[PDB]
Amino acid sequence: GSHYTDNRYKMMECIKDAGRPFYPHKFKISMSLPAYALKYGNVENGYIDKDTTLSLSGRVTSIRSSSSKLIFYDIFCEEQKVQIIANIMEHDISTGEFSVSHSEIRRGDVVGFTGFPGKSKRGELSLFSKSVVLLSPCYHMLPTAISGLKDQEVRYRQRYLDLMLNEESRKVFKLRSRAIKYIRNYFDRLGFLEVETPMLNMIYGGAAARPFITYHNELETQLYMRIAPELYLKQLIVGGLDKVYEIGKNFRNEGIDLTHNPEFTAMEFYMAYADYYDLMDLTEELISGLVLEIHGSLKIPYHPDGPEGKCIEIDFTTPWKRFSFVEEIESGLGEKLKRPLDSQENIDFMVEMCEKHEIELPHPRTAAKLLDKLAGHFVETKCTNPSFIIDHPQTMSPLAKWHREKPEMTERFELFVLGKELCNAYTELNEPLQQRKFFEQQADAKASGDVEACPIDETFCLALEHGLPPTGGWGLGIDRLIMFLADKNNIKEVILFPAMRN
């Protein structure tokens, strides 16, 4: 273990001081291993083309010697295995003695080979080699599969080992790229403009979340990492860009669990002249289209307790169920909330309902945070298949436009799948007096200890005074989307280098 690494360093010093190849700068491959298998994988058993000399490279996954004169390697690269057959009779002595050249190679090394293409008589796609070059040794004894690792935290703390040994991990990150490409294409075809807005701002906003705080030395100002791009994106709609989207990181200074990482990939878009009814239809079309693209149908498998557990089916057939926020809470309680929803009477009532139903109280005990706890208990738990929770109270939705029919509510929805939030969207509040009033209420909540409440943003109120058209905006948690598409129940599976405790 420790001896192996020590001895490997001693081998490499011996190599270097014997004048032999020590970390060559450039190895010119003739073709990739996938290209090699495509070209030669169908030749007849025993075929060899001695008129063609080719250079290949990969990581050694197997070494065996059938005799003093014959060594078999497997190398692996870009998802393809190729066997190397090294016969002493073909060895190029200008590269050194056969036994010396091969004594330097270990399983796990990155190596190059040169030789003739073909297939062993037993039918294995092979390179019949004349030389071997150690390109980058592995100083550690590697397992053959991710089951041979010390802990399964190793997969996350040393992701290169997961990627090296586990095809399923590599497939996840290819699917991640494929899904994001689909999303960009969907919005590009609709005429959207992709933009980038600041991740560092003098004032945070646009979501219910605690920020990271930092400092810019030369400007002598504190800054926040963005919890959401919403307030900048809406200024672009004031500016006339009509259809914009942004895909990138949000940063939320909060706990880590199966569906939360402190930095995560999200998307928002803003579409002038849409309302939240339009956005519900678009969400159904976009997500069902993507599910269909990946899976071939709208009913897809999910293993909620890991792949050693049961398999359930998530049904993305549209249209999806709607749950109205307050009505579904009241159905769960068997009685109505007090009105106004943000009155002291209803706040006291909701505290007593949380205690009655053994729901842990938020702090501070604002109407918005109490409504959120009740929704999490009574409504989010009903959302197995994709389901919209709609018409959230204004008191918990400071940037959402008042509902055109329902007093105290907003034109808002959240999309939930398997009880977890995927999307958040609304008809955008574009009336500046109300916007300032709700910002003031947020700032009061922040001063009272609500770390997820946001300060007043004067620059944003001034932007609204220049005229935000009727607009619909929308956000999606891309990592959570990948969790469902790839059938992973831990967000650490879909993020290359996730945050780890300790």
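Residue indices: 1-based, along the sequence shown. C-alpha atoms forming the largest set that superposes within 1.5 Å between two forms make up the rigid core.
Superposing each structure in 6 other deposited structures of this protein on the rigid core shows that the farther-lying of 253 to 261 and 368 to 376, by root-mean-square Cα distance, is 253 to 261.
Core superposition of the other structures onto this form places the C-alphas of 7 to 15 farther off in 6 other deposited structures of this protein than those of the other stretch among 7 to 15 and 484 to 492. Here 66 to 74 and 471 to 479 are compared by their mean Cα B-factor, and 66 to 74 comes out higher. When the C-alpha B-factors of 112 to 120 and 353 to 361 are averaged, 353 to 361 comes out higher. Residue set 382, 81, 234, 412: peak C-alpha B-factor at 382 (per PDB entry). Based on the entry's C-alpha B-factors, the most elevated value among 303, 249, 420, 178 belongs to 303. Among all modelled residues in this chain, the alpha-carbon of residue 47 has a temperature factor (C-alpha) in the highest third.
Among all modelled residues in its chain, residue 60 ranks in the lowest third by Cα B-factor.
Sorting the modelled residues of the chain by their CA temperature factor places residue 210 in the middle third. Among all modelled residues in its chain, residue 465 ranks in the lowest third by Cα B-factor. The PDB entry assigns residue 395 a C-alpha temperature factor belonging to the middle third of its chain's modelled residues.
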